[PDB]
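Novice: Please find one structure pasted underneath; my questions will follow.
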There are 2 protein chains.
Amino acid sequence: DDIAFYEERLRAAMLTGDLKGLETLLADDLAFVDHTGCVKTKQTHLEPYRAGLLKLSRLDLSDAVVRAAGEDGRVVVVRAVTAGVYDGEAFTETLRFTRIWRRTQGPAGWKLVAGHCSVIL
Amino acid sequence: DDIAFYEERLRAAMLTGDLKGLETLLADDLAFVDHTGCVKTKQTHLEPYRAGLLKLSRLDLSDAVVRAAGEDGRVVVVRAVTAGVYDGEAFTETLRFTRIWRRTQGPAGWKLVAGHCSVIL
């Protein structure tokens with residue numbers, strides 16, 4: 001019902017490095033565009049978390065816009081102020097995220113089918 | 001049914017500056033993230049076309065990925081090689097586009113509810 005629950009779950013899993021949490025939230029057909037415009041799969045997307053190459057210290061979301069793409073699709077567009085370490089280097093980055101969630105059944109929930117992030121300039 | 005029809009319609013409307021075509025394809029609740037991470041509405045998104053401030057000469061799409069966000073949502077992630085004039089200046093830009101289409105009824109079709117574009121680096 002409320003995509004805020006899943007958005008918050010995702011934020012927590014990313015911030016805490018909860019790989020199992022991330023694996024649960026992301027659909028296996030994930031197509032995720034990264035900040036260089038490269039299209040990543042679920043396994044390539046989660047690799048930095050799984051290797052310990054990405055650790056986030058800050059992930060502050062604001063200005064969320066939510067739209068419906070039918071009863072079973074939800075778009076979330078949000079501003080994210082982030083900091084952490086990536087590939088051995090401290091970083092700070094401010095991004096716009098677009099995320100597309102699909103409704104899932106069996107266990108009633110939502111999973112992430114696609115997303116895009118790019119820097120806010 | 002085939003989101004390729006609407007993707008191709010959109011490509012043609014953008015390339016030809018068909019403002020009415022664009023107005024038909026874009027939902028009124030459009031949230032579109034531009035290449036600086038700014039979130040635009042349908043009216044702010046179409047303004048450069050309507051003013052004659054953006055004219056495209058090239059819009060070559062490739063490597064399209066399509067995903068379903070239920071029966072009534074479709075995600076398209078595509079590489080776009082573009083050129084034109086914007087605000088009086090010739091430009092060339094290569095982008096990744098993410099587009100989220102919703103199924104519409106009455107006239108059976110699809111309209112764009114959200115999107116994101118960023119440069120491929």
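Each chain in the structure tokens gets a letter, A, B, ..., in the order shown, and its residues are numbered from 1; ligands are numbered from 1 in order too.
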Need to verify the contact set: residue A:113, 6 Å, only C-alpha atoms, exclusion of same-chain residues closer than 2 positions in sequence. Can you return it as a VMD selection string?
Specialist: chain A and resid 27 30 100 to 101
Novice: Identify every residue of chain A that has at least one atom within 8 Å of any atom of chain B, counting only C-alpha atoms, and report the result as a PyMOL selection string.
Specialist: chain A and resi 29+31+33+35-38+65+67-75+77+95-96+98+100-103+113-116+118-121
Novice: Would you mind exporting N, CA, C and O atoms of the selected residues as a tab-separated table (two decimals), in the first residue's frame?
Specialist:
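To be explicit, this is the file written out as again06.tsv:
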chain	number	residue	atom	x	y	z
A	29	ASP	N	15.22	-8.63	-11.95
A	29	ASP	CA	15.29	-7.99	-13.27
A	29	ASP	C	15.61	-6.52	-13.17
A	29	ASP	O	15.46	-5.78	-14.13
A	31	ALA	N	17.02	-3.02	-13.49
A	31	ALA	CA	17.86	-2.22	-14.36
A	31	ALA	C	18.11	-0.91	-13.65
A	31	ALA	O	17.16	-0.15	-13.50
A	33	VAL	N	20.38	2.60	-13.46
A	33	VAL	CA	21.32	3.52	-14.11
A	33	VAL	C	22.10	4.25	-13.02
A	33	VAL	O	21.54	4.97	-12.20
A	35	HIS	N	25.49	6.82	-11.64
A	35	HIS	CA	25.72	8.25	-11.82
A	35	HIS	C	26.60	8.58	-13.03
A	35	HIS	O	26.73	9.74	-13.39
A	36	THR	N	27.18	7.56	-13.68
A	36	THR	CA	27.86	7.78	-14.96
A	36	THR	C	27.03	7.39	-16.20
A	36	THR	O	27.53	7.38	-17.32
A	37	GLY	N	25.76	7.02	-15.97
A	37	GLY	CA	24.87	6.56	-17.01
A	37	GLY	C	25.03	5.11	-17.44
A	37	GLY	O	24.49	4.74	-18.49
A	38	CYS	N	25.77	4.33	-16.67
A	38	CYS	CA	25.96	2.91	-16.89
A	38	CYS	C	24.76	2.12	-16.34
A	38	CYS	O	24.30	2.40	-15.23
A	65	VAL	N	8.72	12.91	-4.58
A	65	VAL	CA	7.57	12.98	-5.46
A	65	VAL	C	7.16	11.52	-5.74
A	65	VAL	O	8.03	10.68	-6.02
A	67	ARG	N	4.41	9.00	-7.86
A	67	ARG	CA	3.45	8.86	-8.94
A	67	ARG	C	3.10	7.39	-9.10
A	67	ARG	O	3.87	6.54	-8.80
A	68	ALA	N	1.92	7.14	-9.63
A	68	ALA	CA	1.43	5.83	-9.91
A	68	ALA	C	1.53	5.51	-11.40
A	68	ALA	O	1.11	6.32	-12.25
A	69	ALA	N	1.99	4.31	-11.68
A	69	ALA	CA	2.08	3.77	-13.05
A	69	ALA	C	1.25	2.52	-12.97
A	69	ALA	O	1.78	1.40	-12.92
A	70	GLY	N	-0.05	2.76	-12.87
A	70	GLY	CA	-1.06	1.78	-12.60
A	70	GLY	C	-1.16	1.41	-11.14
A	70	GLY	O	-0.45	1.95	-10.28
A	71	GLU	N	-2.05	0.46	-10.86
A	71	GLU	CA	-2.25	-0.05	-9.51
A	71	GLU	C	-1.02	-0.74	-8.96
A	71	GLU	O	-0.79	-0.72	-7.79
A	72	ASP	N	-0.22	-1.32	-9.84
A	72	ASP	CA	0.88	-2.13	-9.44
A	72	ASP	C	2.31	-1.55	-9.72
A	72	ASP	O	3.29	-2.28	-9.65
A	73	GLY	N	2.38	-0.25	-9.99
A	73	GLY	CA	3.66	0.43	-10.20
A	73	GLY	C	3.69	1.73	-9.46
A	73	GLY	O	2.68	2.49	-9.43
A	74	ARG	N	4.85	2.06	-8.87
A	74	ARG	CA	4.98	3.32	-8.15
A	74	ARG	C	6.33	3.90	-8.51
A	74	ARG	O	7.34	3.18	-8.50
A	75	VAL	N	6.32	5.17	-8.86
A	75	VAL	CA	7.55	5.95	-9.10
A	75	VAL	C	7.82	6.86	-7.90
A	75	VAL	O	6.92	7.50	-7.41
A	77	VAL	N	10.62	9.87	-6.86
A	77	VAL	CA	11.73	10.77	-7.32
A	77	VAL	C	12.12	11.56	-6.09
A	77	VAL	O	11.29	12.25	-5.53
A	95	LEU	N	22.47	13.63	-4.95
A	95	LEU	CA	21.88	12.97	-6.12
A	95	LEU	C	20.39	13.08	-6.18
A	95	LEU	O	19.71	13.24	-5.17
A	96	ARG	N	19.88	12.97	-7.40
A	96	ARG	CA	18.47	12.74	-7.60
A	96	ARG	C	18.31	11.31	-7.97
A	96	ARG	O	18.98	10.80	-8.85
A	98	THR	N	15.52	8.41	-9.13
A	98	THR	CA	14.23	7.93	-9.65
A	98	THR	C	14.19	6.42	-9.42
A	98	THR	O	15.12	5.72	-9.78
A	100	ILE	N	11.52	2.95	-9.52
A	100	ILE	CA	10.29	2.34	-10.02
A	100	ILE	C	10.11	0.99	-9.35
A	100	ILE	O	10.94	0.07	-9.51
A	101	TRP	N	9.03	0.92	-8.56
A	101	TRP	CA	8.64	-0.22	-7.75
A	101	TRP	C	7.43	-0.92	-8.37
A	101	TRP	O	6.54	-0.24	-8.91
A	102	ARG	N	7.48	-2.25	-8.34
A	102	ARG	CA	6.37	-3.10	-8.78
A	102	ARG	C	5.73	-3.78	-7.57
A	102	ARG	O	6.44	-4.16	-6.64
A	103	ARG	N	4.42	-3.94	-7.63
A	103	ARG	CA	3.72	-4.66	-6.58
A	103	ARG	C	4.01	-6.15	-6.74
A	103	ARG	O	4.00	-6.67	-7.85
A	113	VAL	N	12.15	-2.42	-9.48
A	113	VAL	CA	12.41	-2.97	-10.80
A	113	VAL	C	13.40	-2.11	-11.60
A	113	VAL	O	14.13	-2.63	-12.43
A	114	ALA	N	13.41	-0.83	-11.34
A	114	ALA	CA	14.37	0.05	-12.02
A	114	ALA	C	14.63	1.30	-11.24
A	114	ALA	O	13.90	1.70	-10.35
A	115	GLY	N	15.74	1.92	-11.58
A	115	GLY	CA	16.09	3.17	-10.99
A	115	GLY	C	17.18	3.87	-11.78
A	115	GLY	O	17.82	3.29	-12.65
A	116	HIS	N	17.39	5.12	-11.41
A	116	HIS	CA	18.35	6.01	-12.05
A	116	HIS	C	18.82	7.00	-10.98
A	116	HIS	O	18.00	7.61	-10.28
A	118	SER	N	21.54	10.45	-10.55
A	118	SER	CA	22.50	11.37	-11.18
A	118	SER	C	22.73	12.53	-10.24
A	118	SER	O	21.93	12.81	-9.38
A	119	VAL	N	23.87	13.16	-10.38
A	119	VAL	CA	24.19	14.26	-9.49
A	119	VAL	C	23.36	15.50	-9.74
A	119	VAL	O	23.04	15.87	-10.91
A	120	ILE	N	23.03	16.19	-8.65
A	120	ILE	CA	22.29	17.44	-8.74
A	120	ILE	C	23.31	18.55	-8.84
A	120	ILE	O	24.17	18.71	-7.95
A	121	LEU	N	23.22	19.31	-9.92
A	121	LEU	CA	24.17	20.38	-10.20
A	121	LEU	C	23.45	21.72	-10.20
A	121	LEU	O	24.09	22.77	-9.97
Novice: Which residues in chain A does DSSP call strand (DSSP E)? List them as a PyMOL selection string.
Specialist: chain A and resi 26-33+39-40+54-68+73-86+89-104+109-119
Novice: Please return as a PyMOL selection string: the residues of stretch 3-83 of chain A that backbone DSSP assigns to helix (DSSP H, G or I).
Specialist: chain A and resi 3-16+19-25+42-51
Novice: If we count only C-alpha atoms, what is near residue A:83 at a cut-off of 8 Å, once residues fewer than 3 positions away on the same chain are taken out, given as a list in words?
Specialist: residues 56, 57, 58, 59, 90, 91, 92 and 93 of chain A
Novice: If we count only C-alpha atoms and set the cut-off at 10 Å, which residues sit around residue B:53, ignoring sequence neighbours fewer than 4 positions away in its own chain? Please answer as a ChimeraX atom specification.
Specialist: /B:47-49,85-89
